[PDB]
Chemist: 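Take this structure, written in structure tokens, and hold onto it; I'll ask about it next.
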Amino acid sequence: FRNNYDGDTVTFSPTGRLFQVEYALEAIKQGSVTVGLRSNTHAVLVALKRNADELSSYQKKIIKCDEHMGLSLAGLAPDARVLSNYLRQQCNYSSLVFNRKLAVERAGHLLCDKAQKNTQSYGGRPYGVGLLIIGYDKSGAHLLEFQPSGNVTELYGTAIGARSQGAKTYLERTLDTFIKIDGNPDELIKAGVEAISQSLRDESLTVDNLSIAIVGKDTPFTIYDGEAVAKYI
Amino acid sequence: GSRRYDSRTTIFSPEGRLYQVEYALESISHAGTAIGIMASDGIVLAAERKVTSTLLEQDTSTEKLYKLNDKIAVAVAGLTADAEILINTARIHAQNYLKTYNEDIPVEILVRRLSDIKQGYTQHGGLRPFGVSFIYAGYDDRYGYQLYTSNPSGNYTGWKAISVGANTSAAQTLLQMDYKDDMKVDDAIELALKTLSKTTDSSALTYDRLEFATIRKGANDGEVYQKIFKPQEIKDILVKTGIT
Amino acid sequence: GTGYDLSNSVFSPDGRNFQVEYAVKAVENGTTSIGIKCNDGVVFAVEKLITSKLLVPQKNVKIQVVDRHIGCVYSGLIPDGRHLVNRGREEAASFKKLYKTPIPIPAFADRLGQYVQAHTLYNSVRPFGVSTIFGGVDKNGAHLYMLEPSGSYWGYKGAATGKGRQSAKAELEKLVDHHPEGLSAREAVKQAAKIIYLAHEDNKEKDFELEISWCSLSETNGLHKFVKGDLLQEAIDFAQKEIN
Amino acid sequence: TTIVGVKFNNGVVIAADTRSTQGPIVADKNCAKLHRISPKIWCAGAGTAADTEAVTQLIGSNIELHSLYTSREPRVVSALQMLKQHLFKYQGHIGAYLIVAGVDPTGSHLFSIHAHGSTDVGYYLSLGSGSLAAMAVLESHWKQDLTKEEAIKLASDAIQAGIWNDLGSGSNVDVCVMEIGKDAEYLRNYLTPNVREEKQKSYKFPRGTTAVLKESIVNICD
Amino acid sequence: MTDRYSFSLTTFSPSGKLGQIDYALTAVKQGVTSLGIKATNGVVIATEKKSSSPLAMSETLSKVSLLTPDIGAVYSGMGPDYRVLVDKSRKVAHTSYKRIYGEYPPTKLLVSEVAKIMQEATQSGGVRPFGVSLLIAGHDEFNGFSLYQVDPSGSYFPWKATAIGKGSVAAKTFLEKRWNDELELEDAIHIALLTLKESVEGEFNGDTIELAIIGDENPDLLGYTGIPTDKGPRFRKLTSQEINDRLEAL
Amino acid sequence: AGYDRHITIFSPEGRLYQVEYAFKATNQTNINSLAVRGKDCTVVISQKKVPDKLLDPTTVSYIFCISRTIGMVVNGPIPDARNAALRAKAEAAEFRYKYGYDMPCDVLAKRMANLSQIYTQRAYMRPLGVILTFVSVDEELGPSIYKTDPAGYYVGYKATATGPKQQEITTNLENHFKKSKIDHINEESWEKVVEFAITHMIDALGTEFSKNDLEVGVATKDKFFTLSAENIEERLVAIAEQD
Amino acid sequence: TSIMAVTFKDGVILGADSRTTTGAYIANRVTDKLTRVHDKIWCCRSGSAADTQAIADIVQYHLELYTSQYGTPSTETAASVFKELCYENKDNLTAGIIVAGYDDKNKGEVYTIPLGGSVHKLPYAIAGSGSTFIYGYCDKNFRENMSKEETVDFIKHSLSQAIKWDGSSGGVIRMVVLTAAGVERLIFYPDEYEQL
Amino acid sequence: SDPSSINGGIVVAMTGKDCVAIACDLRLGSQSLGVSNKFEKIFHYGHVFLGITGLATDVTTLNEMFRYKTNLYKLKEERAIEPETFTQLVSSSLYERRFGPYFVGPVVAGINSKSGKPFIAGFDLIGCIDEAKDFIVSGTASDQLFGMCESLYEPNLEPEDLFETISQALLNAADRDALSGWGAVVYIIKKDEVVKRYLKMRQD
Ligand SMILES: *C(=O)[C@]1([C@@H](O)[C@@H]2C=CCCC2)NC(=O)[C@H](CCF)[C@]1(C)O
Ligand SMILES: *C(=O)[C@]1([C@@H](O)[C@@H]2C=CCCC2)NC(=O)[C@H](CCF)[C@]1(C)O
């Protein structure tokens, strides 16, 4: 079965599946966990940076796309770089040509479309990375979940990566609570770190291991790493 | 995708051999034999016509001996249609050279170029190689009379006498047996006919199954002359040499 | 033999294109969506499965507009759906640019049709994993259409695709017989809200969100618009009421 | 140059003078300005000689191929459409001014094409520097329902008006008659009203008159 | 999209065979018999018009095609492949010869062009060889009359007489018995009819047989008069009636 | 090796299985059609079947108006049929622009047949699973019927039929012509030719037709048009008042 | 050149002189500047004969393909195709074109497309070198919803004046009538219109 | 400025009884500066002769081009090209450069090897063919040549007589042209043989 229909992305299986796409999705699950959630005034990204050795660094998992937008990745880092770069250009184009900040919902549509092309044509491969996009535009705070299949969804919060299901159930529970954390970033972040710790197991989030990013009303997307996240451990 | 149907005509075998070249040579080994013999006063080209009929028009036929230049000719062993493609481009390279330098193209330059074209189909492009082997007979003022050979791989070498096509192993041994450096065109003509006569897979060796050519420097002139024997001319030389 | 279902544009011994058939499977595995043609317009509605409380309500819109008078909804691989609408939009802009008049629905349908049919001609591409219900109002009326992964499409009185297409078609066929005079835009909206609630039984396990849009000569001026607020809730209730 | 076309009751006739000039010099006293596009579609050309000839042969070649492909007789309107679209594309750089005529399954036709690609239709036409002398004759003697013989006369006279009054025209008159149900008849040098009178003297030189420095045989046989 | 088949579809097998060419030849073998005979003052080519249905109008389908006014062709194998080959042959005769020299190509050269086109379908990327064998008969001032055969490989050879397709073996044998270098055109036509009769199962008349010749110039088929050097085409397809007249003297 | 069945290259028997399987696809619609030539018109009859009640019957057709003078009926799946129709229309329009006269029915047929031949020879292109029947009243040839298939083959017909029960329609028509000894329906009005066409459709298939079971296209000097349900009904009534 | 198109009660009429010049020489005195791009959509051509012919031929081609796919085109659509060609190629064209067509729903319509490639829908339009001389006359004598006879008279009188003062205009006056009833060709000779 | 007036030179061809003659001067200058007195403008491919006047670089290029083309022609046709055919080849080769032409004035002369008929033709720089029965002129002194030919010429002259005529036409035309002269060569052509003679003339 499967073996005969998963040699490339241009082949449907007898049940209507696209294995190459599915295998790509598997790269995300293998990726380190990262969480995203928002109130009505801010959006936060909390990501667990994974290290190779104890002599190695903890790979960055958050990229800023513009002053009002940014994302977190889980999976093939290179693909995240390619996709965020594309997002940076799209944000840029909107500003230069229309003097308009790109709508988070529009960015999601663009990413979906860019990924889709890599699932219907011979020779290419699907992107092997998941992305959580947060931003503050003319309609407030926003959080988006991007999957290599090209499916992009807007949520109040979520998580992707290994053991992500932990943080996800927690947020699906804490919903009514954090969604009202307006005017108070520190609280939103703390709630973000509480959702992420729900996916720990191996170790515990340290200083050079935790990565946080926030954006909102009067806060340009900024990234906090190391000492800057100490007050949250 | 398309990859599924790609034969990959340009890859190495685990032994470091090129599949298609090897198979093309196999194809050539079933082609009518062609022989080249170089003498002190000229070169002889003789080939056996593969398959013939009573109704085949031999006077208008030519399937093995082609004029490339007024000083160079080739004997063909393999796919005739493939051969004509190469012969045409070779005829063009010769003229490009002539127009550029105002001198007839040295024999090796032309042979190397044609062999390079062949080598290309061997390393890139994904196309099958040409199922052809050539024996080049020519003359230039740097090396005088020359005899060369090129095959599907794009490799070429020079010879005093050589053969391509069917039964070259046998044909080569016979040539190596009776060839002599001080030979004369007429001696070579005879040696060629005898050799084909012994390797033929057919009953007898008649004129209607042969093509013959000579590149000589007619003493009474001073220039080089190519002679592509006519049916009757072959029939004659065939009786004279004692084959009737 | 076998293997006729591994490459996209291959005819199997019985004349079928298995890859297109497998694409259909992707469609049947998708959410249910429908369309109802009324006396002066068309209504579109679709089921939006609520994977969790985390999905922001009303946000992940599925129905798409092309130009200003066409509505499109589809079942199957969503990204393939967007891809097809992007093409539709270029196709529509190009038509208006040259002819000035916005593109007629029949003309628009063949544009989508030819494009989808094109993805069943080569093995370098994969067929579309969606069935699309679209339509609108033009120079001479309203038109409803449904396009399959094979490129096949026809004009419809009512149409549905996805998980609960059977329930829907059943419900749609009822309306057709009981209303030979034609349903109204206002009525079609409610009727649509119901057909979706009913058809939701084939997926009763997960909660969902209803989405409706319409294009009516009298209700929207022939422009495609989404059903929101009061009018939306009114249809939701009309459905919640008849689901018991 | 003087070229004309004249429709008659059952066909069409075209004529032309035979002078070719390079500036004020007569390069050819008997060139042929009548070209065949297909067996029954002929063309009279004015302007740049290489162009009238080249364009006529190109379209003629393509028309022959089209004929073979459709298993039908070539139509004048096809030669006309192919010629005009080719000439239009080159914005007048191909200096071809033609009068295209012929008979085909749909009847007999007469058209004119200018270098820039515009076409015209009429019962009688003329182009070239001799155009005005010719048209004066045509505007004076043409009438509807002409016989083949009357047409040949009119066309022939129109050309003469040019030979005699236009310095750009001279020598002979060539004609081609295309009749609805017959073969087209090409009449090369239908009129030759400019034969040179016998010279006053013979300039044949006595052998040895010319001084020679060296002499040799040229080898042609390879 | 984009043809991504840039590799050969015909390649050498371990035995040295080029499968696709062999198979193409096999297709030719299943084809209806066609033949050609060279006389001293002409050449004749003929074949059977195997009507695929009595409702079909056999005339609207010529197996014998005029390539130049002095050259014609016939074939055996896949008709569609032949049809496009004829379109290409008629065109190359112009683009590669008439537009350069202002005269039609001599039979051997046009045959050479056709052959090249066929050879290329044996090596170019993403194509299959042509499933046909052609017999081209023509005439040119410096070569006189000639007859050639072009196979799927692109190879071609000159013949005094020959046949291809279904019963070629038998037909060739029958031709070898009746051919001599003194046959007049009418003799060759007669021999052609006799050879073709052995290959035809059903009706054998001017409506089921197609025949053309390359003979004298037909000034009556020219379409115009006035140029001494233009005497008319040498290629002429015989009419159903002309065939029947000769069948009575069978 | 076994791929000589997936793309268009010869099989050891010298066959092209993909072209054969494409012919198989032509009958997928289970529809039959036939065409006949009148004294100065050309008629084409084709079964019409609308199974789904949710369909708009007016949008279900297999006949196309290629140009002002040419009509085309297709036997095969609708998407390949529409692909063929669009190409034919573009070809017809271009021909007029370049050559100055309307593209003849047989020429358009040869052109589409040649395109088909290409899918037969180039691997990256698949054949279209359809059979195309072209009709018109050619200005040079008179009433004309030319049909092309997935093999790139094409020819002219006195009359023809296509579909699952093609053979029965064909023999029926063959018989009628062996009897009449002429190659057309000697009727002055196309209405009677349409009636003849439908009459033999019925006889051959042994079935009765309502006004919504058929589809009709007619070609006359300078115009090809399709009949409406009512035009057809008027046809069905006429034939009824004879049996 | 003098060309005009006039809408009236029953549809629309196109009119034009029949002169083509090359300097002061009359190359053609019986030219037909009224060209058909569709059954009931015609145009009046002015400027370059070669350019307007090429434009028209292309428009006719576009509308023929349009018809084969989407049925009869509106007059507005025809004017859009002319426009596209004239605007996008404005640097290399010299074409003053008036598009006129009859629609059953819209009746008669006139669109004028001058040198730049801009489009203008009007009750009537005049163009060509000869038109300059009849701006005053036409502005004073035009009325909407005139009868066929009245419109034929308006156009005949207008063009006779254009022909009178403009040396680039002359020959016969041609007209084309477009109404639900069909297409009618009219021609008026010098002897008639000169003494108006 | 004018490409056809930089190097100078003339060529003239004539028909006679069963023969043809083609002649040319030998000058090659740089405007007023004489550079070479050995620049022959007549070439031959088999039995076909080609004279070319005009810009020297193009005269050389065209010769090399036609040698190249007639060589391939012979290899495929298996016969030498004829005058009529070559003329068409010259014509289409020139037209191929319609908008960037070779600045030359070609002249073809020869006898058809099969019909024995004498043949001469002239061309303009873009291939237009002039197939005259009597004579053809080309070069910086073409006006002078027309004057010489129109008077001195008469039909069916024997080879020895045509020689005197062609020569006197060439010589006296050249002496009225500042850019022509410095030597001259005449070719007498017959079915079987061809004689080439160099004439004695002023060297100023
Ligand atoms: C006539 O148009 C001219 C002819 O020389 C050429 C020669 C052969 C046939 C095409 C026409 N063309 C000219 O340029 C020349 C002088 C123009 F003023 C000519 C004699 O009128
Ligand atoms: C009118 O515009 C002119 C006509 O010759 C052309 C010919 C046919 C239809 C389009 C119009 N165009 C001109 O250039 C010419 C002279 C202008 F000064 C013309 C007579 O006015």
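First the proteins, then the strands, lettered A, B, ... as listed; each starts at 1. Worth knowing before you read on, the calculation uses all heavy atoms, side chains too, and leaves out hydrogens, waters and symmetry mates.
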Chemist: What is the distance from atom CG of H:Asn63 to atom NZ of B:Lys99, rounded to the nearest 0.5 Å?
Modeler: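 Answer for the CG-NZ pair, H:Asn63 versus B:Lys99, is 11.5 Å.
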
Chemist: Counting heavy atoms not belonging to B:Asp141, are there more than 12 under 6.0 Å from its CG?
Modeler: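 Not more than 12 within 6.0 Å, no.
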
Chemist: Take atom NZ of B:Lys67 as the centre, draw a 6.0 Å sphere, and report whether it contains more than 12 heavy atoms from other residues, nucleotides or ligands.
Modeler: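 No, because the 6.0 Å sphere around NZ of B:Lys67 holds 12 heavy atoms or fewer from other groups.
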
Chemist: How far does OG1 of B:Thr62 sit from CD of H:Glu78, to the nearest 0.5 angstrom?
Modeler: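 Here the interatomic distance stands at 6.5 Å.
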
Chemist: How about NZ on B:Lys50, more than 12 heavy atoms from neighbouring residues, nucleotides or ligands closer than 6.0 Å, or not?
Modeler: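 Result for NZ/B:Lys50: open.
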
Chemist: Any residues in residues 166-188 of chain H near chain B, with a heavy-atom distance under 4.5 Å, and which are they?
Modeler: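 When heavy atoms of chain B are the reference, residues 166-188 of chain H contributes no residue within the under-4.5 Å range.
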
Chemist: Which answer fits B:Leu68, side chain, backbone, both or neither, if we ask what part of it has an atom under 4.5 Å from a heavy atom of chain H?
Modeler: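 Backbone only.
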
Chemist: So for atom CZ, which belongs to B:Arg113, do other residues, nucleotides or ligands contribute more than 12 heavy atoms lying within a distance under 6.0 Å?
Modeler: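 No.
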
Chemist: Going from CG on B:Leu98 to CG on H:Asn71, what distance comes out if it is rounded to the nearest 0.5 angstrom?
Modeler: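 Between atom CG of B:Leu98 and atom CG of H:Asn71 there are 6.5 Å.
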
Chemist: Got more than 12 heavy atoms from elsewhere within 6.0 Å of NZ, B:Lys230?
Modeler: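 Count not over threshold, so no.
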
Chemist: When you look at OH of B:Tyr101, are more than 12 heavy atoms from neighbouring residues, nucleotides or ligands closer to it than 6.0 Å?
Modeler: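 Incorrect, the count does not exceed 12.
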
Chemist: Between atom OG1 of B:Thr100 and atom OH of H:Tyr68, what is the distance when rounded to the nearest 0.5 Å?
Modeler: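 It comes to 9.5 Å.
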
Chemist: Check B:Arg91 against H:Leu75 and note the closest heavy-atom contact, atom names and distance.
Modeler: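 Taking every non-hydrogen atom into account, NH1-O, 3.5 Å.
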
Chemist: With rounding to the nearest 0.5 Å, note down the distance linking CG in B:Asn88 to NZ in H:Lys76.
Modeler: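 It comes to 5.5 Å.
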
Chemist: If you count every heavy atom of other residues, nucleotides or ligands that lies below 6.0 Å from B:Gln123 atom CD, does the total exceed 12?
Modeler: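 For B:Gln123, atom CD is not crowded (no more than 12 foreign heavy atoms under 6.0 Å).
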
Chemist: Kindly check if the number of other-residue, nucleotide or ligand heavy atoms within 6.0 Å of NZ (B:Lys217) is above 12?
Modeler: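 Yes, NZ of B:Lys217 has more than 12 neighbouring heavy atoms, counting only those of other groups under 6.0 Å.
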
